[PDB]
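For the sequence shown, the positions run 4 to 125, 127 to 261 when the authors' numbering is used.
For each residue, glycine too, the CB sits at the ideal point set by N, CA and C.
Single-structure report; data block below.
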Amino acid sequence: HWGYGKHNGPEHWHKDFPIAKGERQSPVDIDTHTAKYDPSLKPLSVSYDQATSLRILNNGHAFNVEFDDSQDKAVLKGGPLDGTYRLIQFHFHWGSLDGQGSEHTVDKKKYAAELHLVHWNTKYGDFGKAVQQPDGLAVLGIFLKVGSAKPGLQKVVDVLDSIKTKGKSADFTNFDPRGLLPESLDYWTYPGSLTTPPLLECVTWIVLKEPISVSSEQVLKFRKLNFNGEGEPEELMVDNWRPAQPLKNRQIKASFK
Ligand SMILES: NS(=O)(=O)c1ccc(NC(=O)COc2ccc3c(c2)OC(=O)CC3)cc1
Ligand SMILES: [Zn+2]
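So, in structure tokens, the structure goes:
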């Protein structure tokens with residue numbers, strides 16, 4: 004099956020998922036000089052005060068913190084979006100070394116990790133239908149650099165021992181995702197895709213300019229997770245990122261001058 008190894012990694016995905024060579028694939032390099040300020044972009048509206056986290060799962064490619072998305076509780080609106088997008092899960096991508104790990108890059112710079120807060124357009129009724137639509141998802145991407153610890157991430161870090169291997173899950177209630185945001189909501193935006201199979205071209209990408217700082221110990225703990233299931237040779241969950249894909253016929257717009 005697909006993964007991030009030499010024999011099943013990103014260069015192989017097109018054989019089972021031909022859209023991997025499509026016209027709006029993600030991630031991309033964000034060339035900050037070529038991104039144009041769009042004064043018609045509105046501020047992002049992040050309404051997470053009623054978020055209800057439920058569970059954390061190691062799915063064999065990352066860990067997902069999952070939310071109750073059966074009502075409008077944690078929603079993203081505004082920015083480039085029309086309508087209301089409900090938070091369903093967040094996860095990260097990260098490297099084996101602090102110098103790599105992000106999916107998006109900024110002037111070819113790689114951050115140590117990248118957080119994806121995944122939301123689906125409520127006009128499509130549930131997540132499975134949304135991913136079949138060109139405006140079905142809005143993913144908020146936030147870069148992680150290594151420096152000072154992020155206090156709001158520590159609850160995530162400390163449960164990872166309990167989901168070391170693929171298929172393990174743990175209760176994860178009462179987690180506040182606002183503790184993962186940077187101060188500024190300035191962003192870049194462009195039309196793209198899921199960055200893992202099935203690579204569907206259903207995502208409005210909203211990538212924040214301001215990274216968050218996490219400590220070396222925090223990302224160290226991400227790197228102790230396993231891609232494999234319990235009882236099967238240990239493969240550390242590192243470098244679970246897809247590299248930048250061709251921009252093709254797309255413009256990245258900036259919300260800020
Ligand atoms: N890296 S990315 O572009 O942000 C990116 C973001 C999101 C995805 N896809 C998903 O999360 C899938 O969600 C699901 C899928 C299946 C089921 C679910 C929830 O619940 C169940 O009942 C069992 C079935 C891929 C990539
Ligand atoms: Zn992701």
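Item: Compare the Cα-Cα distances from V211 to each of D101, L120, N11 and report the closest residue.; Value: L120
Item: Given a threshold of 16 other Cβ atoms within 10 Å of its Cβ, counted over all protein chains shown, does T37 qualify as buried or as exposed?; Value: exposed
Item: Can you pull every residue whose C-beta falls closer than 5 Å to some heavy atom of ligand 1, listed in chain order?; Value: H119, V121, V143, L198, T199, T200
Item: Per DSSP, which one or two residues make a beta bridge with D71?; Value: Looking at the DSSP assignment, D71 forms no beta bridge with any residue, so it has no partner.
Item: Just the Cα atoms here: how many angstroms apart are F226 and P247?; Value: 19 Å
Item: For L90 versus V49, is the C-beta spacing smaller than 7 Å?; Value: no
Item: Taking the beta carbon of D180 as the centre, do at least 16 other beta carbons fall within 10 Å, making it buried, or is it exposed?; Value: exposed
Item: Output the distance between the C-alpha atoms of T177 and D130, rounded to the nearest integer angstrom.; Value: 22 Å
Item: What are the partner residues of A77, as DSSP defines its beta bridges?; Value: According to DSSP, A77 bridges with nothing at all.
Item: Would a C-beta distance cut-off of 7 Å place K45 and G81 closer than the cut-off?; Value: yes
Item: Assign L204 to one of three DSSP states: helix, strand, or coil.; Value: coil
Item: From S197 to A153, what does the alpha carbon distance come to, in whole angstroms?; Value: 30 Å
Item: Classify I167 as helix, strand or coil using the three-state DSSP reduction.; Value: helix
Item: Out of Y191, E106, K127, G171, which has the shortest C-alpha to C-alpha gap to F231?; Value: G171
Item: Can you tell me where the beta strand (DSSP E) holding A116 begins and where it ends?; Value: 116 to 124
Item: Is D175 closer than 7 Å to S259 when the C-beta atoms are compared?; Value: no
Item: Terminal residues of the continuous alpha helix (DSSP H) containing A134?; Value: 131 to 134
Item: Excluding the 5 residues preceding and the 5 following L144 in the sequence, name in chain order all residues of the same chain whose CB lies nearer than 6 Å to its CB.; Value: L120, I210
Item: Going by C-alpha to C-alpha distance, which of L251, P237, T169 sits closest to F66?; Value: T169
Item: Can you give me the Cβ contacts of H96 inside the same chain, cut-off strictly under 6 Å, excluding the 5 residues immediately before and after it?; Value: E106, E117, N244, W245
Item: Measure the C-alpha to C-alpha separation of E238 and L60 and round it to an integer number of angstroms.; Value: 18 Å
Item: Can you tell me which of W16, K18, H4, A23 puts its alpha carbon nearest to the alpha carbon of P250?; Value: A23
Item: Would you please state the rounded distance, in angstroms, between the beta carbons of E14 and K252? I believe it to be under 8 Å.; Value: Wrong, their Cβ atoms sit about 18 Å apart, outside the cutoff.
Item: For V150 versus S220, is the C-beta spacing smaller than 7 Å?; Value: yes
Item: So, is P30 buried or exposed, given that buried needs 16 or more other C-beta atoms within 10 angstroms?; Value: buried
Item: Kindly indicate the opening and closing residues of the alpha helix (DSSP H) around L224.; Value: 220 to 226
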